[PDB]
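Chemist: Attaching a single structure in structure tokens format; questions to follow.
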Amino acid sequence: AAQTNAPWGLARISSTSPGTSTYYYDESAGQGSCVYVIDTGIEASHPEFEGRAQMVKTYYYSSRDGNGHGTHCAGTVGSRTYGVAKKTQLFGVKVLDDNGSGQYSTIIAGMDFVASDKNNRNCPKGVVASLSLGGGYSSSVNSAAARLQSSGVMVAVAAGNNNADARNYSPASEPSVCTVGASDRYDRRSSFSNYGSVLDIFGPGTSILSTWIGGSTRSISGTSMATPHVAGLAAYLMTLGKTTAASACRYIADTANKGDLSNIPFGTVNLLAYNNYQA
């Protein structure tokens with residue numbers, strides 16, 4: 001299939017070159033996969049989710065996304081217009097309050113929740129978790145992300161927006177998950193994007209159009225926005241039987257557009273998420 005006038009990030013992950021506007025993707029579209037969005041929640045009532053989004057857990061007084069961040073990332077994973085995997089199931093896990101902040105303990109609990117909650121769900125093509133969050137290095141947060149991955153979930157996490165090595169940040173520094181840096185529409189590393197050897201892949205992260213609360217849309221920049229691209233791509237590639245949860249990150253790295261990005265510091269992978277779709 002094709003989506004004309006797609007957000008540049010969707011077009012980018014289906015092309016070998018920047019600057020296009022069409023998103024090319026197999027029509028399966030992540031159908032049968034599930035993506036937990038671990039964030040400020042999801043406004044499941046947004047028409048862009050077409051009833052494929054639902055809240056499954058909150059760690060605050062309300063399940064509703066009073067911030068937008070989570071609804072925005074869920075949109076990039078699998079919304080109709082702004083989503084990589086347009087038929088995937090979205091599950092909201094609200095670990096950040098409406099100010100977007102959340103204790104390390106809360107974020108760890110949310111990751112443990114997903115590891116077991118997935119056994120209650122029907123995701124015959126596999127499970128993905130998208131974690132557009134992070135803070136300073138925490139062994140315990142890292143361990144939680146690793147547990148989620150080993151439990152059978154493809155974990156994608158943001159490298160962080162500090163323009164520094166992601167090794168000093170969690171869960172970005174967990175080696176076993178898929179740490180995602182951000183690029184802009186001109187195939188530059190995003191100005192804010194963390195880097196380092198722990199990074200596994202880059203995704204579109206600068207000025208990313210997606211859903212927003214109040215049934216709205218806006219553009220936001222952040223490695224938090226590159227992460228759902230890769231999570232969506234993983235769900236997409238899993239539905240296609242190209243890869244599994246345990247191998248998706250390395251599969252995406254293997255099939256990525258190589259050496260296209262600029263300002264990638266020595267020691268950081270020069271890899272941009274690419275769905276390799278052929279009509």
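Letters A, B, ... mark the chains of the structure tokens in the order given; residue numbers begin at 1 per chain; ligand numbers begin at 1, in order shown.
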Determine which residues of segment 83-149 of chain A receive a DSSP assignment of strand (DSSP E or B), computed from the backbone, and state them as a ChimeraX atom specification.

Modeler: /A:89-94,126-131,135-136

Chemist: I'd like a table as a tab-separated table: residues in segment 87-176 of chain A with an atom no more than 7 Å from segment 220-233 of chain A, each row giving the shortest atom pair and its distance in Å to one decimal, only C-alpha atoms counted, sorted by chain and rising residue number.

Modeler:
residue	atom	partner	partner_atom	distance
A:128	CA	A:231	CA	6.3
A:129	CA	A:231	CA	6.8
A:130	CA	A:231	CA	5.6
A:132	CA	A:224	CA	4.1
A:133	CA	A:224	CA	6.4
A:156	CA	A:231	CA	5.8
A:157	CA	A:227	CA	5.8
A:158	CA	A:223	CA	5.1
A:159	CA	A:223	CA	6.1
A:160	CA	A:223	CA	5.8
A:161	CA	A:223	CA	6.2

Chemist: Any idea what's packed within 6 Å of residue 127 of chain A, counting only C-alpha atoms, ignoring anything in its chain fewer than 5 positions away? Could you give it as a PDB file with C-alpha atoms, in the first residue's frame?

Modeler:
ATOM      1  CA  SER A  33       0.764  -7.462  16.678  1.00  0.00           C
ATOM      2  CA  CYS A  34       0.427  -5.457  19.890  1.00  0.00           C
ATOM      3  CA  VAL A  35       2.430  -2.435  21.022  1.00  0.00           C
ATOM      4  CA  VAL A 153       8.587  -8.275  24.158  1.00  0.00           C
TER       5      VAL A 153
END

Chemist: List as a count of residues only the protein and nucleic acid residues near segment 23-25 of chain A, meaning an atom at most 6 Å away when only C-alpha atoms are counted, but skip any in the same chain fewer than 2 places from it.

Modeler: 8

Chemist: One number please: atom CA of residue 67 of chain A to atom CA of residue 236 of chain A, in Å, one decimal.

Modeler: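 Taking atom CA of residue 67 of chain A as the start and atom CA of residue 236 of chain A as the end point, the length is 26.9 Å.
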
Chemist: Considering only C-alpha atoms, return as an MDAnalysis selection string whatever protein or nucleic-acid residues lie within 9 Å of residue 125 of chain A, sequence-local ones (same chain, fewer than 6 positions apart) excluded.

Modeler: chainID A and resid 30:34 235 238:241 244

Chemist: Could you please take those selected residues and save N, CA, C and O atoms as a compact mmCIF listing (two decimals), in the first residue's frame?

Modeler:
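Done, and the output landed in part_1.txt:
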# COMPACT_ATOMS: atom_id res chain seq x y z
N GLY A 30 1.04 -4.45 10.43
CA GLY A 30 1.13 -4.77 11.84
C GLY A 30 -0.12 -5.38 12.44
O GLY A 30 -0.25 -5.42 13.67
N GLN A 31 -1.03 -5.87 11.61
CA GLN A 31 -2.24 -6.52 12.12
C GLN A 31 -1.88 -7.82 12.82
O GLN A 31 -1.12 -8.64 12.29
N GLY A 32 -2.43 -8.02 14.02
CA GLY A 32 -2.08 -9.17 14.82
C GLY A 32 -0.95 -8.94 15.80
O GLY A 32 -0.74 -9.79 16.68
N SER A 33 -0.23 -7.84 15.68
CA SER A 33 0.76 -7.46 16.68
C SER A 33 0.15 -6.50 17.70
O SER A 33 -0.92 -5.93 17.48
N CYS A 34 0.84 -6.36 18.82
CA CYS A 34 0.43 -5.46 19.89
C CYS A 34 1.62 -4.63 20.32
O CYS A 34 2.74 -5.15 20.43
N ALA A 235 6.65 -4.06 15.11
CA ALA A 235 5.34 -4.69 15.00
C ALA A 235 5.01 -5.00 13.54
O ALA A 235 4.52 -6.08 13.22
N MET A 238 7.14 -7.87 12.39
CA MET A 238 6.75 -9.11 13.04
C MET A 238 5.51 -9.70 12.38
O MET A 238 5.48 -10.89 12.06
N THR A 239 4.49 -8.86 12.14
CA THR A 239 3.30 -9.31 11.43
C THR A 239 3.65 -9.94 10.09
O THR A 239 2.99 -10.89 9.65
N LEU A 240 4.71 -9.46 9.44
CA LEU A 240 5.16 -10.01 8.17
C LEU A 240 5.96 -11.30 8.34
O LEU A 240 6.33 -11.91 7.33
N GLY A 241 6.24 -11.72 9.57
CA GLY A 241 7.03 -12.91 9.78
C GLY A 241 8.48 -12.75 9.40
O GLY A 241 9.18 -13.75 9.24
N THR A 244 11.34 -11.77 14.82
CA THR A 244 10.67 -12.03 16.08
C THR A 244 10.99 -10.91 17.07
O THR A 244 11.81 -10.03 16.79

Chemist: So which residues touch segment 138-147 of chain A within 7 Å, counting only C-alpha atoms, skipping near sequence neighbours fewer than 6 positions away, as a list in words?

Modeler: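 Here the answer would be residues 104, 108, 111, 112, 170, 171, 173, 174, 176 and 177 of chain A.
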
Chemist: So that I can see what lies close to residue 243 of chain A, please list as a list in words the residues with an atom at most 9 Å from it, counting only C-alpha atoms and leaving out residues fewer than 5 positions away in the same chain.

Modeler: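 Skipping anything fewer than 5 positions along the chain leaves residues 234, 237, 238, 248, 251 and 252 of chain A.
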
Chemist: Can you measure atom CA of residue 191 of chain A to atom CA of residue 155 of chain A for me? One decimal in Å is fine.

Modeler: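 Those two atoms sit 24.3 Å apart.
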
Chemist: Kindly indicate which residue among A:7, A:204, A:51, A:92 lies nearest to residue 184 of chain A, using only C-alpha atoms for the distances.

Modeler: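 For residue 184 of chain A, the nearest of the given residues is A:204.
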
Chemist: Would you please give, as a PyMOL selection string, all residues of segment 43-265 of chain A that DSSP assigns to alpha helix (DSSP H) based on the backbone?

Modeler: chain A and resi 69-78+104-117+139-150+223-239+248-254

Chemist: Check which residues of segment 250-277 of chain A sit at most 12 Å from segment 162-165 of chain A using only C-alpha atoms, and return one row each with the closest pair of atoms and their distance in Å to one decimal, ordered by chain and rising number, as CSV.

Modeler:
residue,atom,partner,partner_atom,distance
A:263,CA,A:163,CA,11.4
A:264,CA,A:163,CA,11.2
A:265,CA,A:165,CA,9.8
A:266,CA,A:165,CA,11.4
A:267,CA,A:165,CA,10.3
A:268,CA,A:165,CA,9.2
